[PDB]
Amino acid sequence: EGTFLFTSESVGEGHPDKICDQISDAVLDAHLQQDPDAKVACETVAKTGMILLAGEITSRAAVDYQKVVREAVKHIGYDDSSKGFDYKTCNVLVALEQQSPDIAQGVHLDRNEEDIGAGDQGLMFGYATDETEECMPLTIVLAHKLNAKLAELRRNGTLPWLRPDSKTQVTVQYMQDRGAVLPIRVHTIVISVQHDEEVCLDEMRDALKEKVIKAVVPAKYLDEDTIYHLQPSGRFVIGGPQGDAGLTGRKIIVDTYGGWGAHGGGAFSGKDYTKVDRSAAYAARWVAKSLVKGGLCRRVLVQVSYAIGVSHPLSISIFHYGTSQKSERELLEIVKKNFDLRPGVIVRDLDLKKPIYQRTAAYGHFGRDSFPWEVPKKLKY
């Protein structure tokens, strides 16, 4: 009684959707390195032997798309036809046009930076939970770390049969605690990872338990009842884009909170700061994390929304799950006094012209590496 299960998933750097997010952000970073004010909306599609870039970019940068794309794929680890994909020999197709002048005139042309309009309408959420130091759900943190461990053991040659495409899934049993949640145990773990033709299934399952799970998940969460689904399909030689077409912005729940909190639907990768799908979601995370680290709540959800061409948010809402002594009205007043959620101010607070976006495009955008949206603001009230 008073317990429940929750499941989250994550994917590796070579999962085809994640390849697309990383390439889209490599293109964004390449532009920002030369033109901090580049307007970028770069979608990527990946299928057998193909990376296609489709979208809209208006920028003063001179970017070599062939080189940027191939370097991103090389970093991921797809460097030979035996692995199903090779940066040296794949097709890179480009269908990029300028930003629509109708959007440009309605959003940013002849506007003071602080007063630029939102680049689109939409809704966005921020979330934070005190269950981990990084203020993230344990389910998603563990799922990301399992993928990172696979990449580590692939890159260091420990498990040379590993290939870049992987997925993980973690189910945790939680105890309810006055609106907050306390992890009790890991109920189920799934790991699927692309592999070479020579390794056998038993060798893989043993290595995934001993060298991956045990190296990531604290033993205190694992018990005799924990269920393991390791290589459950039985064979995963074909992988990457060859096994499944990838697209940018198809892992938006992996990118955020693993299903916890809420999501407004917008993808992050391949977009400059004027696209509030990314900047306002980062600012909302920053607000939520600041409320938790500031001791005002233990668990909190923030919604914001925008209209294209309008700078100020249309709506702001805060839900504290019963974990604050302050009302929603009081928390909203604190947020109003401490944050300015116009995109032209978020860009300054979070330094969103800096070319750090490729680093966000795998293992989640939140709870890692002290990015600006992860450094809480000291609140005055």
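We call the rigid core whatever largest set of C-alpha positions still superposes within 1.5 Å between the two forms. Sequential numbering from 1, following the sequence displayed.
*Asks:* In 7 other deposited structures of this protein, superposed on the rigid core, which stretch sits farther off in Cα RMS terms, 43-51 or 328-336?
*Replies:* Farther from the shown form on average in 7 other deposited structures of this protein: 328-336.
*Asks:* Which wins on mean Cα temperature factor, 218-226 or 275-283?
*Replies:* The entry gives the higher C-alpha B-factor average to 218-226.
*Asks:* When the C-alpha temperature factors are averaged for each of 119-127 and 199-207, which stretch ends up with the higher value in the entry?
*Replies:* If you average the C-alpha B-factors of 119-127 and of 199-207, the larger mean comes out for 199-207.
*Asks:* Would you mind checking which of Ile308, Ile140, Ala262, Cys297 has the top Cα temperature factor in the PDB entry?
*Replies:* Across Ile308, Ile140, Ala262, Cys297, the entry lists the biggest C-alpha B-factor for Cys297.
*Asks:* Compare the CA B factors listed in the entry for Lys289, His144, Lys167, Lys83 and report the winner.
*Replies:* Answer, based on the entry's C-alpha B-factors: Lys83.
*Asks:* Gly106: which third of its chain by C-alpha temperature factor?
*Replies:* For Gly106, whose C-alpha B-factor we compare with every modelled residue in the chain, the answer is the highest third.
*Asks:* With respect to C-alpha B-factor, does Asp255 fall in the lowest, middle or highest third of the chain as deposited?
*Replies:* Lowest third, going by the recorded CA B-factors of the chain.
*Asks:* Using only modelled residues of the chain, where does the Cα B factor of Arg348 rank: lowest third, middle third or highest third?
*Replies:* Tercile = highest for this residue's CA B-factor.
*Asks:* By the record's CA B-factor, is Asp369 among the lowest, middle or highest third of residues in the chain?
*Replies:* Highest third, going by the recorded CA B-factors of the chain.
*Asks:* Looking at the entry's B-factor column for C-alpha atoms only, identify whether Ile51 ranks in the lowest, middle or highest third of its chain.
*Replies:* Lowest third.
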